[PDB]
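Just below is one structure, and these are the notes that go with it.
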Amino acid sequence: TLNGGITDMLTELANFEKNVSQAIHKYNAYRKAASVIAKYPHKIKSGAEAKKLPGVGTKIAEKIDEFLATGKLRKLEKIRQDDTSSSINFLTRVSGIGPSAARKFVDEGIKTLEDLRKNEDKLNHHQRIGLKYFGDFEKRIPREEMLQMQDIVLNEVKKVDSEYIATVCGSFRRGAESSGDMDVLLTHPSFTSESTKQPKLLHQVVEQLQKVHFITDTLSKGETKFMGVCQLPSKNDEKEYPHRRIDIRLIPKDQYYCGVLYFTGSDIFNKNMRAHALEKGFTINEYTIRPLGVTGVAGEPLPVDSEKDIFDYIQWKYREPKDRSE
DNA sequence: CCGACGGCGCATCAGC
DNA sequence: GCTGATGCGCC
DNA sequence: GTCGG
Ligand SMILES: [Cl-]
Ligand SMILES: [Cl-]
Ligand SMILES: [Mg+2]
Ligand SMILES: [Mg+2]
Ligand code: NA
Ligand code: NA
């Protein structure tokens, strides 16, 4: 991590803009810059050197010069001292509490973990579970544990219907040694872009994982996306494992490649790739890649038989999952 | 200079 | 009840 | 905040 001090600064600025300022484009700008700097293979010597990178402009260059010179950023020193900003930044660390809710809570005098813990009745379902597992959700998952979780999910899904295919995506599929959570892409031949021949496809699977005490809580649930909590079983006399976040996304089987591209990420990689697509005259989502017609309206879905096909359309050399950790 | 910035699932709520 | 906006979440 | 037209 050659430029860890700089990327940390930019990430903190991004979080400020997202959580406090509520300026989503500034948030995205800062994260793009941190990402491009993170992959830069030299220790950065000045703002000008950084400004050569795409996504780093005049203002970030200036902040880099201050940070190189002094080891800190005055702007951030002040933000750190601001009680309201500090409170809002903290509250948003609870899953289900965003920029808006955090500011509203602070207005009501709810601004610490203790405050939250005595005001559960002021939380919606999602927020109440986020609070319940506040500490657990901040811990990362060792790949060894991700492997254990993979085995449970794949084996239980098979028990439900041998025709399901479950694929673990996210940072796991990018080969990370630790993951923030578990992301599972699910397919079944009864659910395609052309028909849904079986109901409760996602439900059946969730139910089974709850039955074996793997899924412990639900944050939200619809026909195609589950967002919840899970936990590895522990042995006799063993401390319990932390509770972990799990997302399950059922994708039309014939749209698996666009699905797995999306769910493999990273998020910044997806943003960069989708933006490049738009520049090349295509639009990409988790289902399809379509051309943009002269007007500006998406056209019909193009044939895709591999992840690589998607890269080809937009004239990118193929990038293995492990090289998409932007 | 200024329009655009990725795309979409689920929960909540206002207006009808 | 529905629909459209908004908040918050996924990558 | 940065980029491209
Ligand atoms: Cl700092
Ligand atoms: Cl589509
Ligand atoms: Mg993940
Ligand atoms: Mg996730
Ligand atoms: Na630049
Ligand atoms: Na949050």
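Within every chain, numbering begins at 1; the chains are lettered A, B, ... in the order of the sequence lines, protein sequences first and strands thereafter.
- In terms of modelled atom types and a separation under 3.5 Å, the side chain of A:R324 and the main chain of A:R319 share a donor-acceptor contact.
- Residues A:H125 and A:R249 both approach DNA chain B. Their nearest nucleotides, taken by heavy-atom distance, put A:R249 toward the 5′ side.
- Residue-level contact check: A:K221 touches the backbone only, with heavy atoms under 4.0 Å from sugar-phosphate atoms and none from bases.
- Between B:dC8 and D:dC3, the distance separating the two P atoms is 26 Å to the nearest Å.
- Atom-to-atom, OH of A:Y30 to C1' of D:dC3 comes out at 16 Å; the value is rounded to the nearest Å.
- Going by the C1'-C2'-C3'-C4' torsion, the sugar of D:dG1 sits on the south side, since that angle is negative.
- Results of the salt bridge (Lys or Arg N to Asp or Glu O under 4.0 Å) test with A:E326 over A:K39, A:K271, A:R31 single out A:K39 as the only residue that passes.
- Distances shown here put every side-chain N or O of A:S95 at or beyond 4.0 Å from the OP1 or OP2 atom of C:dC8.
- The two residues A:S85 and A:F16 make their nearest non-hydrogen contact at OG-CE1, 3.8 Å.
- Heavy atoms of A:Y262 sit under 4.0 angstrom from at least one base atom.
- Closest contact between the side chain of A:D183 and the listed nucleotides B:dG6, C:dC11, B:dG9 involves C:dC11.
- Here the closest non-hydrogen pair linking A:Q22 and A:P99 is CG-CB, 3.6 Å.
- Contact annotation: A:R245 side-chain N/O to C:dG9 OP1/OP2 distance is not under 4.0 Å.
- As judged by a 4.0 angstrom heavy-atom cut-off over every strand, A:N272 is placed among residues making no nucleic acid contact.
- Here A:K26 is a major-groove residue, having a side-chain heavy atom within less than 5.0 Å of a major-groove base atom and none near the other groove.
- Across all strands, A:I24 comes closer than 4.0 Å to no nucleic acid atom at all (heavy-atom distances).
- Between the side chain of A:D267 and the base of C:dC11 there is no donor-acceptor pair of N/O atoms closer than 3.5 Å.
- Using a 4.0 Å heavy-atom criterion, one finds that A:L53 contacts the sugar-phosphate atoms exclusively.
- One finds no side-chain N or O of A:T58 lying less than 4.0 angstrom from the OP1 or OP2 phosphate oxygen of D:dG1.
- A:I60 comes within 4.0 angstrom of sugar-phosphate atoms only, judged by non-hydrogen atoms across all strands, and of no base.
- The listed nucleotides are B:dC8, D:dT2, C:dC11; the one nearest the side chain of A:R290 is B:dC8.
- In the set C:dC8, B:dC10, C:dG9, the nucleotide with an atom closest to the side chain of A:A101 is C:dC8.
- Distance from the side chain of A:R174 is smallest to C:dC11 among B:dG6, C:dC11, B:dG9.
- Within 4.0 Å (heavy atoms only), A:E17 reaches no atom of the nucleic acid at all.
- At a threshold of 4.0 angstrom between heavy atoms, the contacts of A:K59 are confined to the sugar-phosphate backbone, with no base atom among them.
- The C1'-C2'-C3'-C4' torsion of B:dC16 is negative, so its sugar falls on the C2'-endo, or south, side.
- A:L261 comes within contact range of no nucleotide atom at all, as no heavy-atom separation falls under 4.0 Å.
- The existence of a salt bridge linking A:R80 and A:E77 is confirmed by a sub-4.0 Å separation between a basic side-chain nitrogen and an acidic carboxylate oxygen.
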- Task: Report the C-alpha distance between A:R249 and A:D183 in whole Å, list the side-chain angles of each, state the deciding distance to 0.1 Å, and finish with yes or no for side chain to side chain contact (heavy atoms under 4.5 Å, CB included).
- Result: CA-CA 8 Å; A:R249 184 71 196 270; A:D183 307 294; over 6 Å; no
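- In this structure, A:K225 does not reach the B:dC10 phosphate: none of its side-chain N or O atoms is under 4.0 Å from OP1 or OP2.
- A:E279 comes within 4.0 angstrom of nothing in the nucleic acid, heavy atoms only.
- Here the side chain of A:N119 pairs no donor or acceptor atom with the backbone of A:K122 at under 3.5 angstrom.
- In this structure, A:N19 atom CG and C:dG9 atom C1' are separated by 14 Å, rounded to whole Å.
- Ranking C:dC10, D:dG1, B:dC8 by closeness to the A:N285 side chain, first place goes to B:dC8.
- A:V36 comes within 4.0 angstrom of nothing in the nucleic acid, heavy atoms only.
- Taking the side chain of A:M227 as heavy atoms from C-beta on, and the options D:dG1, B:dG7, C:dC10, the nearest nucleotide is C:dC10.
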